[PDB]
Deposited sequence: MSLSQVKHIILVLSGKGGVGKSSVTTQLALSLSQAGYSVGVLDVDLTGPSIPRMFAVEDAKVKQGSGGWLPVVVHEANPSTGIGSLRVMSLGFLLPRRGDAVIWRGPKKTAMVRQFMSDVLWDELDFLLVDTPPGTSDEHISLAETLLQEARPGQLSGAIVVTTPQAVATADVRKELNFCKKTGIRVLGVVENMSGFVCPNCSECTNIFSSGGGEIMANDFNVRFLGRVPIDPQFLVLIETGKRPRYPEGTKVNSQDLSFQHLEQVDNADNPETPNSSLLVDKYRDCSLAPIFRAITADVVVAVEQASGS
């Protein structure tokens, strides 16, 4: 009823919080919208960072249409510039309970008027806690055939033990979630004083991890502090609350944008078989 015209649903996964998985979701969304797709982002990771905060709409009023909730507009579609619309909904609008809280969460998600949508990215909570696993089942239960394109697993090179990406991958295999690929966030550094991107500790090992699972490796994302500034203050990056509709335009000046453009283009060829 709510997702009946959403073409592709992608879950953004993590075995542990603190990997910047909500940053990854934000930039996947912006990049897909820069490629001309209509993008939705559903945030059900109430522990992790606020996705509406990153889109500078954390103070927006969720409008109510006849029979549902209208997602918050980050920016409208723009044919002349070839960018698609971008809309967001947060579980924090609905919100200390047990199974009844799962039932309310499921009703709420089924109440969002997503309308036509090329891609709906889901910011899922980290880890496979019994509370989270049932929510993951809920999505699968309400998903329709062919719709769930699969999952994107976000990790870091820094993790000595990959038991959480091993865990999230194993859960995906166990439940049939297709793994579209793994993203290695915070692998290297881009900085303002000069554009040189460096990771002298190159072997983050996340790629061999992707080999061990015969699973796709979408690429490495460096830290760019000008991205965090852009999200926080709205300042456009330069290389030697903010207005939300300007974000996608300022993002193509961020050094991370060409990286996510390539990650996006490969995610799209994977989902479209």
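*Asks:* Comparing the deposited sequence with the modelled residues, which stretches have no C-alpha coordinates?
*Replies:* Since the structure holds only modelled residues, the stretches it omits are 96 to 103, 249 to 273, 307 to 310.
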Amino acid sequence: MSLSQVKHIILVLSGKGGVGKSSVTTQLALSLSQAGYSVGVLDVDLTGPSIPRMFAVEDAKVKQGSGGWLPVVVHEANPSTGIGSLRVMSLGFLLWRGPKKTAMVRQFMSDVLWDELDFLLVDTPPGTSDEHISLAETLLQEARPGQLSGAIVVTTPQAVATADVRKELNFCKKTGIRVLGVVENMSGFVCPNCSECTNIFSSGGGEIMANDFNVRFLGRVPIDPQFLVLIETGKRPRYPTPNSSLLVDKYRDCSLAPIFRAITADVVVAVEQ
From here on, numbers count along this sequence of modelled residues.
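*Asks:* Tell me which stretch, 206 to 214 or 52 to 60, has the higher mean Cα B-factor listed in the entry.
*Replies:* The stretch with the larger mean CA B-factor is 206 to 214.
*Asks:* On average, are the C-alpha B-factors higher in 154 to 162 or in 105 to 113?
*Replies:* Per the PDB record, 154 to 162.
*Asks:* Going by the entry, which of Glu184, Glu76, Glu168, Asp123 has the most elevated CA B factor?
*Replies:* Comparing C-alpha B-factors across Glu184, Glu76, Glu168, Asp123, the top value belongs to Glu168.
*Asks:* Quick one: which of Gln147, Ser90, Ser85, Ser129 shows the highest Cα temperature factor in the PDB entry?
*Replies:* Of the candidates given, the C-alpha B-factor peaks at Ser129.
*Asks:* Which third, lowest, middle or highest, does the C-alpha temperature factor of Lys16 belong to within its own chain?
*Replies:* As the PDB entry reports it, the C-alpha B-factor of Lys16 lands in the highest third of its chain.
*Asks:* Against its chain's modelled residues, does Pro192's Cα B factor rank lowest, middle or highest third?
*Replies:* For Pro192, the deposited C-alpha B-factor lands in the middle third.
*Asks:* Comparing against every modelled residue in the chain, figure out the third that the C-alpha B-factor of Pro237 lands in (lowest, middle or highest).
*Replies:* For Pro237, the deposited C-alpha B-factor lands in the lowest third.
*Asks:* Taking the C-alpha B-factors as the PDB entry records them, is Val72 in the lowest, middle or highest third of its chain?
*Replies:* It falls in the bottom third of the chain.
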